[PDB]
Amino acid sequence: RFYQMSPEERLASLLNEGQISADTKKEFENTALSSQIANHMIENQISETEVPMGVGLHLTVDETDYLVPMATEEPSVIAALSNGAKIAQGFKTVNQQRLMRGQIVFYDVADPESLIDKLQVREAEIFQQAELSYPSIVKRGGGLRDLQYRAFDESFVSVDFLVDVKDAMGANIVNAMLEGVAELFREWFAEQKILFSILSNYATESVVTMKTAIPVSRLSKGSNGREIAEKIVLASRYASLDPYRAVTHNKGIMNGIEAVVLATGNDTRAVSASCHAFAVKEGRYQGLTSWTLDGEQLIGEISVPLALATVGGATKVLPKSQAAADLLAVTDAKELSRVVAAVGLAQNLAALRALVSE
């Protein structure tokens, strides 16, 4: 019955059964998100978590000014972003891509190559079925983009689906498309077995690279601008050597990125999973940014998979997500990813500069 009760009835049941105090109940009742919206978004809803939201300052991306909504519970995070962006002055997009990835995994595959060669010769029909399983995205101008195949040891075979989901995160688009094609596969190969069909959150085809060039004089109010830069460069390289520093290094970056992702109603677990997994380069967890000295300029670069969204999920139904989107005022998801990647690099600059200046 608990999952069938109203929020008001669930709180009363919790109090009646001694599971929460009376003051705890009154606090759970002090909400600002409409009960209608919250109760229909999740299950067993009783209340809300309120995260303070502030405005990150001085971010410029490709000669466009931005005001960054940042939801965070940690002090100094928004100030660090603002000081880091002010010092950097601007950020420039080195390259951007935006495709989502999914997979259908066969198991107990007798001869992998046989199965794979079978699929490659019928790719036209697969694209046909993928359109039928979600035709709306194809009308918007997206849809399936490529098919890839990977044969693994232990008799696994993965069919990789790369999709253009436009401004959505794409989970429900990709999952629907994959389950529809899975049916066709089971019709084509009654012999074979399908372990699962699901989207991959490792969005290596949604990577964004930002960069910044900083006159070393801006790194200090005084004369030791180059000294601070040389130590920033040293700190960044040590992240490539000590995972115990790289994790803190990337955590500092995600303080800014996850604040914007949260404020705009995007999925924080998805972005945190892809970014940290993308940090694994050459079998070692390293930093997501590089800092080098080219003459009298400190040059920083960031590369992160940012399959973010401006539509779908919680980006619209939560009024605060719409308000944060009004403040940021990005026109599409690709732009959101560029702004978020710049926030990451700005956060990292403020963190390293403070780390080596003390």
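The first residue of the shown sequence is 1; numbering continues from there.
Report the stretch with the higher mean CA temperature factor, choosing between 18 to 26 and 337 to 345 on the basis of the entry. Comparing averages over the C-alpha atoms only gives 18 to 26.
Report the stretch with the higher mean CA temperature factor, choosing between 105 to 113 and 178 to 186 on the basis of the entry. Comparing averages over the C-alpha atoms only gives 105 to 113.
Highest Cα B-factor in the deposition, which of 282, 73, 164, 258? Answer for 282, 73, 164, 258: 282, with the highest C-alpha B-factor.
With respect to the C-alpha temperature factors reported in the PDB entry, which of 145, 98, 92, 251 ranks highest? Answer, based on the entry's C-alpha B-factors: 145.
In terms of the chain's CA B-factor thirds, is residue 54 lowest, middle or highest? Lowest third - that is where residue 54 ends up once the chain's C-alpha B-factors are sorted.
Place residue 293 in the lowest, middle or highest third of its chain's C-alpha B-factors, as listed in the PDB entry. CA B-factor rank for residue 293: highest third.
Report the third (lowest, middle or highest) to which the CA temperature factor of residue 170 belongs, ranking only the modelled residues of the same chain. Middle third.
Compare the C-alpha B factor of residue 217 with those of the other modelled residues in its chain, then answer lowest, middle or highest third. Highest third.
Can you tell me which third, lowest, middle or highest, the CA B-factor of residue 269 falls into for its chain? Within its chain, residue 269 is a lowest-third residue by C-alpha B-factor, going by the deposited values.
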